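Shown here is one chain on its own, the form deposited without the named molecule, set out as structure tokens.
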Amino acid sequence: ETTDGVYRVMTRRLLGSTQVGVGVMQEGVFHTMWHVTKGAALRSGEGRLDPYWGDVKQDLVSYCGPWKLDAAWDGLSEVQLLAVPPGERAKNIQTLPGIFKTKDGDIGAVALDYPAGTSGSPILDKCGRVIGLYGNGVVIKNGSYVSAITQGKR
């Protein structure tokens, strides 16, 4: 299956079937976060997906071709996280991003807290373009979570 869309990333090495993350299929390339797969090969039905590009520092990895996703947050509008939590239906959640201010520039961030296996779910703009992936962030004072909107370079 290479149809564009969002996919669960599953393993059987633990008890039951376990969702370890999420990713995006677009233009025949599968996009997820590095910590989901650690760069390992993936099965899709009877076919195999071999990694093509990845970068631990960005926490990103692509399969079957180079990173395709290049939209970016406009810095002004709300976005939607299309969360795909383990064992639950995909659900859109709208929010206005905050900002990670870093020495090398600023990055949209979303203050939404989902289970760890939700890593790699796409964040979309109002045109439905994927502006980045959910799941690399920080834990704030009260103990909840803020994820960077992590995007690669096409």
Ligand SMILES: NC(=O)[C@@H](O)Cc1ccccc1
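We number the residues from 1 along the sequence you see.
Another form exists, solved in complex with the named molecule; not displayed. Remarks below refer to it.
- Put simply, residue 40 is close to the named molecule in the deposited bound form: some heavy atom of it is within 4.5 Å.
- In the deposited bound form, the named molecule sits beyond 4.5 Å of every heavy atom of residue 67.
- The named molecule in the deposited bound form is approached by residue 34, whose closest heavy atom lies within 4.5 angstroms of it.
- With contact defined as any non-hydrogen atom lying within 4.5 angstroms of the named molecule in the deposited bound form, the contacting residues in 48-86 are 51, 53, 54, given in sequence order.
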